[PDB]
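First the structure, in the form of structure tokens, and then the observations on it.
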Amino acid sequence: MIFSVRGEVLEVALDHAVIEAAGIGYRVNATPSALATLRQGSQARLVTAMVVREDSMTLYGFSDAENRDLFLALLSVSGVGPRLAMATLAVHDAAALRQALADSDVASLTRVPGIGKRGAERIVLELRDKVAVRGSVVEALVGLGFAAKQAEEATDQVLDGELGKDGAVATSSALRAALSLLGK
Amino acid sequence: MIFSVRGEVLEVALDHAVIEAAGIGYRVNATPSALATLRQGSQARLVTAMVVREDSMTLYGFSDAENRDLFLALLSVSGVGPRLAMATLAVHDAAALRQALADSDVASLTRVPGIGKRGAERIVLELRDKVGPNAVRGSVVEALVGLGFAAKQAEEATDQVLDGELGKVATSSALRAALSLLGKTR
Amino acid sequence: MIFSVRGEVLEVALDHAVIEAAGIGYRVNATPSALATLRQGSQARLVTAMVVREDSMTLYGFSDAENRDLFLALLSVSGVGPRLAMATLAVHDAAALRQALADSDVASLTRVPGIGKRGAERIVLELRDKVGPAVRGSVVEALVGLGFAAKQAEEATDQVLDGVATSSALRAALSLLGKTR
Amino acid sequence: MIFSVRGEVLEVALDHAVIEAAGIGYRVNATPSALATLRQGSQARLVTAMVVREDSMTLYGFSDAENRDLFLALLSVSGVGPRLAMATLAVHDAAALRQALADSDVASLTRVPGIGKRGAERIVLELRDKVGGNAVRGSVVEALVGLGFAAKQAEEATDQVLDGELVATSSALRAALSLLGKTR
Amino acid sequence: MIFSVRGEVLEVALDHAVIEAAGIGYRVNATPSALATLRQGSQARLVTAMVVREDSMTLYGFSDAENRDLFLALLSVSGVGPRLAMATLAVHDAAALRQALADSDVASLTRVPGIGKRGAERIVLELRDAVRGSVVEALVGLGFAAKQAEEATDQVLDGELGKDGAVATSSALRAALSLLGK
Amino acid sequence: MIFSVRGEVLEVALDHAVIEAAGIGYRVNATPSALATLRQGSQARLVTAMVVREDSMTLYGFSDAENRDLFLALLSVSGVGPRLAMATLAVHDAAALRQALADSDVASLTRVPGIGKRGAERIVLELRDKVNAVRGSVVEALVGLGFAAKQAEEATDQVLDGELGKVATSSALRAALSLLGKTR
Amino acid sequence: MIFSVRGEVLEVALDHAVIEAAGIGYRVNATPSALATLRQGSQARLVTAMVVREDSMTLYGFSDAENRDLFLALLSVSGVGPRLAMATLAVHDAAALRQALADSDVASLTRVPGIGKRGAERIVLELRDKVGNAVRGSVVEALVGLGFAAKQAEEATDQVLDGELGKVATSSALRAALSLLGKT
Amino acid sequence: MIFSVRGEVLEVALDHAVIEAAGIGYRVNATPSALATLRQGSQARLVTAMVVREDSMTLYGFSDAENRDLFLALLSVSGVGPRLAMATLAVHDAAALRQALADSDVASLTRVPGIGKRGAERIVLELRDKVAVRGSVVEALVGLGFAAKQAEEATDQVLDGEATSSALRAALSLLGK
DNA sequence: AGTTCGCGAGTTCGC
DNA sequence: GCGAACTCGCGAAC
DNA sequence: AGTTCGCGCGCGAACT
DNA sequence: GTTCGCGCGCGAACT
Ligand SMILES: [Ca+2]
Ligand SMILES: [Ca+2]
């Protein structure tokens, strides 16, 4: 639910920072690259992922949304939890990790401590395949559950909703028109 | 617990927005109609429902309280979870969904992907009577029934306070008077 | 954890209010007496109890800390949950409820819908004694609260007093109690 | 997740305080030493530990991070929960508790009500070794070990980094991690 | 897991029996029709459904497999638990209940205490439910699409002299599965 | 589910027995009165209650069904678990316990170790009301199925008058249920 | 816990059988090959795996221990539950499934309905390496199974198989290796 | 609940046996010393401990009740589960383990794989010290929740008309007024 | 007509 | 496109 | 080793 | 003064 924490850095440690937002100091477990520019007394915005478990609520902090999304993708692999996903991002930068998934570079993934040959192969197996107005509307309709390329049918059908040629009429209006059509 | 998030729109995506309220950016999964209202850099108040599960805390955002309440009504139907309730509100507007429930229009509900004939019939079955479309009386009686009072005992207490020393108190004032009377009764 | 919510009242309903504190609108299920002075657009501070469950996080709001503490006392009775504790506080004011517990007035408790003779007797059984109607008494109470026996708590306080501030006396009594090294 | 609460002290009781941070009054169960510095109407920042359970979310407040970290160390001992860890910090200051752990002073720990000979021995057993010139080296090695690296591989990478360009600890950690992620 | 309990009836009550099988007396909550022929000291076989929960292990007993399967079908309806499913079978016999589901007879279901108009409508909504047909049904049960199940079963229309009607059902199923696995 | 265990008594201890039924030796925690009748090498049938929990499956054994049912009634009281219910039956016989509930004899219940004044009052409160013979039994079974007492009396009376007045309890129950299922 | 059920076959259905063992009829969900050998009225011993869940206790039956062990190996793969593991054994015989794992034959595994390319790759990834000199290998395997390091297991087994043993059963050699390993 | 399984040994492996009791073959994970005398086709009685968890029901088998009780004592130590308790009993016999606890022999316990210095110290801390008619009756009364002094006072009062079961029944009748 | 009680998944994959 | 099936990762230790 | 693995509550009411 | 034992309330019936 918490996608970022912005406020005064109260503490910077080698594995976390405390950021005070509206009087609340949030402990954010962060990668060394996210912590790099953080200094005590300075204002900072850390991009975060909140992990909720029965006996814990923990924030993980990243230098950007790309690394945060990679952390969440790592977390979706069975056998990979928050500590291992953070260790992976501490060793590999976003581009290096994204590259290792595309090239099935099990050897670089095993450089992360806690990730052995089996774990690296599971990560590659799970994340290799999981790593303009028309494309966005189709993507949003597929995201809503309109499967088997039916999103393409109702999006190309709203080719009449441009009488005075509005360029693209924005993705928000093109999606509302396709959804209106899909609901009969 | 969280019924709204107000602040700077940091991001608008096709299925969610990030709204920063007092330094915290909240990811709010929102319907396309709620997202149409949002633009990066603007201040916005998104009406929300917080869904708490053992391993998750998620905010769902709507253009108004009416759609948020309909999302919560959809969630109460067995077989309908947050993703399906959001897909339903993305396809049907508040009035159209309130209409399909009254008319038992299973065909319109089946237009929502993930909702088949069985699911549509479950939704209609569960929500037809739990949906809407002097006024003081009905509101007070409804609040007394909501507290656990039997409708007859709720009507009697409301009428005793609205017909006695009233004749045009506020609804909450009449509710406190009806509750005061119900706690004596004996 | 949340003991109060202060901010702009965004909505007032007959059973809840929405209060916006630092951009977040909190739904607070409140008693009719807590809602009485609340008006949309007005600033208000509602005294609250946060109830956490596997699939829920809910705030309950009261006109004062006394009613909030009575709600928490009602929750500690087996068979009484948040809805029943709120219904009890909607029917009985703090003084009336505290009185009914002391006098074992099962009939008044039975006026609350959802509370029958058995439930009223369980509430009276559990909360009569755990309900009400200076430096020494407070320090002894804090030591007992920490786990010290009432006998040992009284010995360390009187010893400390002969040698005011309640916190200062508590720190001195605790320093004395930890002496055996 | 919550490491501190800062705001107006609305209430000071003998076992807790209410601190209002941005309109929210947080109940913080605090040690008598943490409550000693709190006074109604004053602004205060209380250092906290949030304990999350299936049916509860509770804040515990301390006079400093040292006592808060000792509370968290006490919580990690089986048989020691929040009430017993608070009673231990109410009876023993940060220095006395760390001294009793180093000296295996079971008798001092037994002074805390609720802790008997068995409990005191469990606490000593669990926390004696888990309790607290090139300081940069030791910190970097400790952070690498914390990420999952073996101490020998952590020392080798840190030394290769501090011996080649003989500045900051976080900067040296990022250099050691960069080196450790090399497939060579 | 336990589909029947056979042994000495140690106790017969109006809502349960105790049946001793291999030295263990099993309490079996049973419908009045299942209990009807049971007598203390007599041997009996009760058809059962074992319901496992975090804090309980309970046996429910029926006069036959048809009623036991109807109890399990009732349990699959949200809002219907073991007590309500037993009350339903105590009021309605298997044929009467199966009839009420087909005819959407909400009024008859409403005769069962604990089942109101809403519950009866949920139950009706949820429960409105030779070698070739059996093999296809078993293939569909394994996850095969009905069309792919029919095609594989029909392709095994071979066998000189040995039963022109696709030999034994288990033999035809093994042949259809062998074909489906390439 | 297990209401009795019959077989060879392999062991008799002060708080339990092992009874072998068809090759399986079952440990049955039993009251001293249930153990009094058990002797190693003898065949015995112990009346039992199986208590199932997430991490345990335990058998409790009694001299008869009356004590076993009283154990189950004690278990239904909040604050009373298997150990306390066994301690109660070890101190009070079936008749004495049934008497103490009727007379609200909190002092006798307080004689059981682990049961204080509060616990004794909870037990009395919960079990005082809980712990034409054909008519009463049929009505009780109909009420047990969920029928309202008035509708249960009306159906039972319609059955016992007309084609009865002679007509077993179970037979009358099946007739009352047949009548109750008649539409309108 | 239940590894087999032996008794009278009361019922044979297309997907399960009921086998009565000492008065209890057990429903055993079985593969079509396991059901092929079952006939109503006959005595049979079905090799089983009991799957325990919070709300269920289910028996799965196989023609032999080899298929039962393969079912348990399939269950250990994330994404593969009892229904999918049974469907796999209904389509592929033992050693045919064992072959597809060794040869990474994802195409044969995808013939099982419910198993797609991703699932087949997960199964292959997880089970390829898992699913006199024979005495030595078995003893070493049992020592490794107990937690011993393979080198320490080989050293103890070799010290035992050379000296007081030259010709000395596998279990006897295991007890001798364990006796040696427990010496300080 | 299951304290023993007696029947035909269907299978003997190096870490478990299958014993058929009344038609049910029970897999019993057993120590090598418990398996030593077991042979396929032979009747055997294995002393067991049933471990119940949300997703499992497992039997552990031992050569006698002493080893089974030691397994249960090991299970009560935080950090020690069934696998580690079985590995401990596979390496150390009942007498050797009981000795190592009394003498705080952390080095012997550390010989068990999976048990390091910390684990061995936890086991020793939890299990050292923990752990005729008059003594038995007092022990049974204390086991029921009675105070050690109250148990001794009641049993000694039973020396007016005086069996360990008849003495316990007399002391329980005097303790309940 | 109230107050004990009985009851309690939602997707992303695959076909 | 809908309906079922299916559902950990760290500290301590090899 | 640097890996899959085996493993997992504390409060208070009663007695001490 | 510290081991162990013990641990849930609503929404629909239907009174
Ligand atoms: Ca509750
Ligand atoms: Ca375990």
Side-chain angles (χ1 to χ4, degrees), chain A residues 78-82 84 113-116 119 145-148 150, chain B residues 78-82 84 113-116 118-119 148 150-153, chain C residues 78-82 84 113-116 118-119 147-149, chain D residues 78-82 84 113-116 118-119 148-150 152-153, chain E residues 78-82 84 113-116 119 143-145, chain F residues 78-82 84 113-116 118-119 146 148 150, chain G residues 78-82 84 113-116 118-119 147-149 152, chain H residues 78-84 113-116 119 145-148:
Chain A
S78 226
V80 186
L84 212 48
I115 300 188
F146 296 97
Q150 176 57 37
Chain B
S78 231
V80 187
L84 213 49
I115 297 184
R118 184 158 304 277
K152 177 239 218 192
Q153 185 184 19
Chain C
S78 228
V80 187
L84 212 48
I115 297 184
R118 177 64 57 75
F148 289 98
Chain D
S78 48
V80 187
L84 213 50
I115 295 175
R118 178 65 54 77
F149 288 98
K152 177 238 219 194
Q153 242 291 56
Chain E
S78 228
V80 186
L84 213 47
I115 297 184
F144 288 98
Chain F
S78 232
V80 186
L84 213 49
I115 297 183
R118 179 65 54 78
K150 177 238 217 194
Chain G
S78 230
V80 186
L84 214 48
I115 297 184
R118 178 65 54 76
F148 288 99
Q152 177 65 126
Chain H
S78 227
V80 187
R83 232 83 179 253
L84 213 48
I115 297 184
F146 289 98

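As a basis for the values below, the full set of heavy atoms in this structure was taken, side chains included, without hydrogen atoms, waters or symmetry mates. Chain A is the first sequence line, chain B the second, and so forth, proteins listed ahead of strands; every chain is numbered from 1.
- Counting only heavy atoms from C-beta on, G:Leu84 has its side chain closest to J:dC6 among K:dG6, J:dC6, K:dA1.
- Rounded to whole Å, atom P of L:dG7 lies 16 Å from atom CZ of F:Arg118.
- Going by the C1'-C2'-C3'-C4' torsion, the sugar of K:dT4 sits on the south side, since that angle is negative.
- The partner of J:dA13, taking Watson-Crick or G-U wobble pairs whose two distances both stay under 3.5 Å, is K:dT3.
- Here J:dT7 and J:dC8 show unstacked bases; the six-membered rings are not both centred less than 5.5 angstrom apart and angled under 30°.
- Spacing between atom CD1 of B:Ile115 and atom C1' of I:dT11 amounts to 13 Å, rounded to whole angstrom units.
- For the pair G:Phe148 CZ and K:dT4 P, the interatomic distance rounds to 23 Å; values are reported in whole Å.
- The furanose ring of K:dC11 falls on the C3'-endo (north) side of the pseudorotation cycle, as its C1'-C2'-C3'-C4' torsion is above zero.
- One P atom belongs to J:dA5, the other to I:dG14, and the distance between them is 16 Å to the nearest Å.
- Phosphate proximity of I:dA9 to E:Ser78: present, with a side-chain N or O under 4.0 Å from OP1 or OP2.
- Interatomic distance, CD of A:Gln150 versus CZ of A:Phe146, reported as 8.0 Å (0.5 Å rounding).
- Distance from the side chain of A:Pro113 is smallest for K:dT3 among the nucleotides I:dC7, K:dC11, K:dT3.
- Here, I:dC7 and J:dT7 have their P atoms 29 Å apart, quoted to the whole Å.
- Comparing J:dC2 with I:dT12, their P atoms are spaced 15 Å from each other, to the whole Å.
- Nucleotides I:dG10 and J:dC10 place their P atoms 29 Å apart, quoted to the nearest Å.
- Spacing between atom NZ of F:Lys150 and atom P of L:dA13 amounts to 20 Å, rounded to whole angstrom units.
- The separation between H:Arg83 atom CZ and K:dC7 atom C1' is 12 Å, rounded to whole Å.
- I:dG8 and J:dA13: their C1' atoms are spaced 42 Å apart (whole Å).
- Look at K:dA1: its glycosidic torsion is beyond 90° from 0, and that puts it in the anti range.
- When the P atom is compared between K:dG6 and L:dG7, the two are found 33 Å apart, to the nearest whole Å.
- Taking atom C1' on both nucleotides, L:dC6 is separated from I:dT11 by 37 Å, rounded to a whole Å.
- Because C1'-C2'-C3'-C4' is negative for L:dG9, its sugar is assigned to the south class.
- Stacking between J:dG11 and J:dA12 holds, as the six-membered ring centres sit under 5.5 Å apart and the ring planes differ by under 30°.
- When the pucker is read from the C1'-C2'-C3'-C4' torsion, the sugar belonging to K:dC5 turns out north, on the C3'-endo side.
- Checked against K:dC15, K:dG6, K:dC11, the side chain of D:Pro82 finds its nearest nucleotide in K:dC11.
- Between B:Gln153 and I:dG2 there is a side-chain polar atom (N or O) within less than 4.0 angstrom of OP1 or OP2.
- Using the sign of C1'-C2'-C3'-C4' as the criterion, K:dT3 is classed as a north pucker.
- Not both conditions hold for L:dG7 and L:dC8, whose six-membered rings lack centres under 5.5 angstrom apart with planes under 30 degrees, so their bases do not stack.
- Among all heavy-atom pairs drawn from H:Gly145 and F:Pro113, the shortest one is O-CB, 3.2 Å.
- Rounded to whole Å, the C1' atom of K:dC5 lies 40 Å from the corresponding atom of L:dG9.
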